[PDB]
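Computed from the coordinates by the stated procedures, all read-outs in this text should not be read as laboratory data. In this analysis, Cβ positions are derived from the backbone assuming ideal geometry, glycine residues included, and neighbour counts consider all displayed protein chains.
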Amino acid sequence: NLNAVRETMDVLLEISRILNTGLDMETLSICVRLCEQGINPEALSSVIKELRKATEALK
Amino acid sequence: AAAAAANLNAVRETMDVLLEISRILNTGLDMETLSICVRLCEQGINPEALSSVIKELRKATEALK
Amino acid sequence: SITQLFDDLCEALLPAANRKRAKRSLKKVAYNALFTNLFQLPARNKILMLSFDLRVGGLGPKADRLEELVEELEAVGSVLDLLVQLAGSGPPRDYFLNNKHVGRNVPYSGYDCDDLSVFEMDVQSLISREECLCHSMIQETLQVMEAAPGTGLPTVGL
Amino acid sequence: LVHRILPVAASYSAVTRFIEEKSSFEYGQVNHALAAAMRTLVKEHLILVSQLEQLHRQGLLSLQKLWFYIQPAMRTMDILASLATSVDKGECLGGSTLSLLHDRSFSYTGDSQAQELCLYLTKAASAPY
Amino acid sequence: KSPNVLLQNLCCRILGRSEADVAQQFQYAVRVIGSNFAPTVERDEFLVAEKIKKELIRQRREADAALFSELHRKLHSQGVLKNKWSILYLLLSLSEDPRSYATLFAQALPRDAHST
Amino acid sequence: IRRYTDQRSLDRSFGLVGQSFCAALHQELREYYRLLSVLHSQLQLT
């Protein structure tokens with residue numbers, strides 16, 4: 001299982017690189033675990049866009 | 001308005017002319033499919049491209065039958 | 001679980017390249033922004049709906065690649081539905097286009113004016129960048145070196 | 001360039017003259033059907049030149065484009081004009097100009113652009129026989 | 001709205017399946033409609049008029065072919081259509097006879113003798 | 001290529017496997033003129 005999830009983490013990078021996300025590998029790993037929980041991914045794409053705006057408002 | 005319901009009359013006029021041409025040729029299309037095809041042809045599309053699809057989707061409902 | 005991974009996310013957005021009480025403030029603004037949206041096959045179709053807009057917008061092989069990968073992605077399901085809704089949030093050659101000098105059977109045809117005319121444009125966007133670069137490096141430094149007396153770096157403000 | 005385009009006009013005058021002359025009762029039911037099937041292609045030439053007329057009205061037709069456009073239709077016209085010259089030359093009517101059509105039908109096999117044309121006129125002209 | 005989901009509306013009408021019930025056909029639809037969108041051949045409403053006439057001759061009708069010309073008149077009198085060539089070429093391609101060689105018969109030009 | 005066809009297409013006493021090569025040599029001139037037609041449209045040149 002621990003061997004499987006490394007291979008899945010490597011293949012899920014590819015489909016997010018071709019679709020040109022703003023996600024890097026670390027935030028990809030957190031968001032792949034968060035989407036697998038069951039919380040609607042259509043809303044998670046919006047909370048990330050709001051988090052990345054509110055952190056830039058401080059800078 | 002009033003002049004905005006006259007244009008809603010002038011589109012039913014056209015749609016009836018197209019509905020007449022659709023039946024005197026005895027096509028496969030019905031009036032509901034035709035209302036999607038008018039929207040596609042308004043944008044500017046190859047009619048050679050849609051007809052091949054429609055030729056496959058009608059045999060894909062013989063893959064449903 | 002995920003709310004402990006969220007702490008690692010809060011460490012990433014904070015500059016690592018102090019850093020212990022600014023984290024407690026950024027964590028407050030993170031949690032305060034997070035729950036607003038959360039309080040209030042048809043899945044590969046969402047990728048196909050953007051591959052159509054790829055094909056209309058030029059760039060044929062990218063959409064032909066995209067439809068080649070959505071068959072292998074079906075041969076974890078909530079992840080690609082996140083990717084389709086993050087598809088425009090991203091960061092802002094080839095020797096062949098018209099060589100029939102290889103092969104064993106190539107079809108005889110004429111000119112079209114949408115292959116070789118847009119193969120000199122594939123390079124024209126490059127040559128028109130590499131000189132616009134020259135105007136975006138001498139301007140960004142002469143804006144520092146000449147404004148007016150009393151303008152510069154904030155080390156005089158120390 | 002104009003002279004390079006003109007043989008398809010010289011090969012339309014002869015075609016329409018044949019269709020008028022050999023639809024009469026001095027040349028029989030076979031020649032009636034023969035010119036009546038040659039007439040279908042004449043209608044098609046008339047169709048083509050009107051599409052090109054729509055092209056010229058929009059300021060999108062030139063001499064170079066016209067010269068390329070008429071070259072596929074020149075071969076068909078050439079077949080019709082040579083056939084009309086041959087039937088007029090030997091004074092062939094009845095079944096001799098079904099024998100001539102049998103010879104000309106085997107004659108054309110090179111591209112199979114002209115083969116279908118002659119075969120249709122043989123199919124139409126062999127009906128009264 | 002966008003054209004791609006409108007294709008799926010067509011897919012709901014012709015199939016008994018919904019748009020959400022099939023994605024193998026929509027894949028093929030995205031293959032065909034994309035990169036052949038926006039006319040790439042010469043348009044002519046006149047040839048389409050004479051070919052709908054040519055088709056009504058094949059149904060052994062001469063009365064309905066001259067009534068079709070009055071509908072063609074009414075089509076222009078309202079004037080709300082963008083490509084009157086396209087939808088009539090489309091209905092003519094999907095025509096079925098109620099009850100050979102035709103590539104040497106008049107067609108539209110490819111615009112490969114002209115810059116696009 | 002046009003000079004050879006200039007006598008072959010007016011010779012009707014010749015091989016019909018040679019008048020198939022010659023009719024695969026009318027297409028090869030029509031395509032040249034197609035090329036020229038596209039170039040003529042782009043004239044409106046260095």
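Descriptive notes on the structure:
- Residue match in the stretch C:11-18 (condition: among the charged types (D, E, K, R), farther than 17 Å from residue A:16 by Cα and more than 14 Å from chain E (Cβ to nearest Cβ)): yes
- The residues listed here are D:100, D:117; of these, the one that is in contact with a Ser or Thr (Cβ under 7 Å, 6 or more places away or on another chain) and over 24 Å from residue E:102 (Cα atoms) is D:100.
- Residue within the stretch C:40-50 that is loosely packed, with under 14 Cβ neighbours inside 10 Å, more than 7 Å from every other protein chain (Cβ to nearest Cβ) and not in a loop (DSSP other than H, G, I, E, B) present: no
- Those helices (runs of 4 or more DSSP H) of the stretch D:24-129 in which at least 1 residues are of a type in the set (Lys, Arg) and surrounded by fewer than 16 Cβ atoms within 10 Å (Cβ to Cβ), considering only elements entirely within it, cover D:28-57, D:63-90, D:114-125.
- First in the stretch D:59-84 and under 16 Å from residue E:109 (Cβ atoms), second anywhere and assigned to a loop (DSSP other than H, G, I, E, B), Cβ under 6 Å, 6 or more apart: D:65/E:113; D:68/E:113
- Close Cβ contacts (under 7 Å, 6 or more residues apart or on different chains) running from residues in the stretch F:16-28 that are within 8 Å of chain D (Cβ to nearest Cβ) to residues that are not in a loop (DSSP other than H, G, I, E, B) comprise F:22/F:5; F:22/F:8.
- Scanning the stretch A:6-59 for residues that are out of contact with any helix residue (DSSP H, G or I) (no Cβ under 9 Å at 6 or more places or on another chain), part of a helix (DSSP H, G or I) and more than 15 Å from residue C:76 (Cβ to Cβ) returns A:17, A:56.
- Single condition residue B:34 does not satisfy, out of (1) over 14 Å from the mean Cα position of the chain (by Cα); (2) more than 7 Å from chain E (Cβ to nearest Cβ); (3) among the hydrophobic types (A, V, I, L, M, F, W, C): (1)
- The criterion of being within 14 Å of chain A (Cβ to nearest Cβ), hydrophobic (A, V, I, L, M, F, W, C) and loosely packed, with under 13 Cβ neighbours inside 10 Å holds for residue C:76.
- Checking E:70, E:45 one by one, the residue that is farther than 18 Å from residue B:23 by Cβ and either of a type in the set (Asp, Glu) or away from chain C (no Cβ under 14 Å) (or both) is E:45 and no other.
- So residue F:44, is it loosely packed, with under 10 Cβ neighbours inside 10 Å and under 22 Å from residue C:110 (Cβ atoms): yes
- Of residues in the stretch E:75-99 being out of contact with any helix residue (DSSP H, G or I) (no Cβ under 9 Å at 6 or more places or on another chain) and within 7 Å of chain B (Cβ to nearest Cβ), the one nearest to residue E:61 (Cα to Cα): E:98
- Single match in F:11, F:6 (criterion: more than 11 Å from chain D (Cβ to nearest Cβ), surrounded by fewer than 15 Cβ atoms within 10 Å (Cβ to Cβ), closer than 20 Å to residue D:7 by Cα and touching a helix residue (DSSP H, G or I) at 6+ places or on another chain (Cβ under 9 Å)): F:11
- Residue within the stretch C:63-84 that is closer than 30 Å to residue A:42 by Cα, over 24 Å from the mean Cα position of the chain (by Cα) and assigned to a loop (DSSP other than H, G, I, E, B) present: yes
- Residue-level check: of (1) exposed (fewer than 13 other Cβ atoms within 10 Å of the Cβ); (2) within 7 Å of chain E (Cβ to nearest Cβ); (3) among the aliphatic types (A, V, I, L, M); (4) in contact with a helix residue (DSSP H, G or I) (Cβ under 9 Å, 6 or more places away or on another chain), residue B:64 misses just (4).
- Taken across the stretch C:92-108, residues that are exposed (fewer than 15 other Cβ atoms within 10 Å of the Cβ) and within 14 Å of chain E (Cβ to nearest Cβ) do occur, with at least one present.
- Residues of the stretch A:1-12 that are aliphatic (A, V, I, L, M) and either away from chain C (no Cβ under 11 Å) or loosely packed, with under 15 Cβ neighbours inside 10 Å (or both): A:2, A:4, A:5, A:9, A:11.
- So residue B:39, is it closer than 21 Å to residue E:4 by Cα and among the charged types (D, E, K, R): yes
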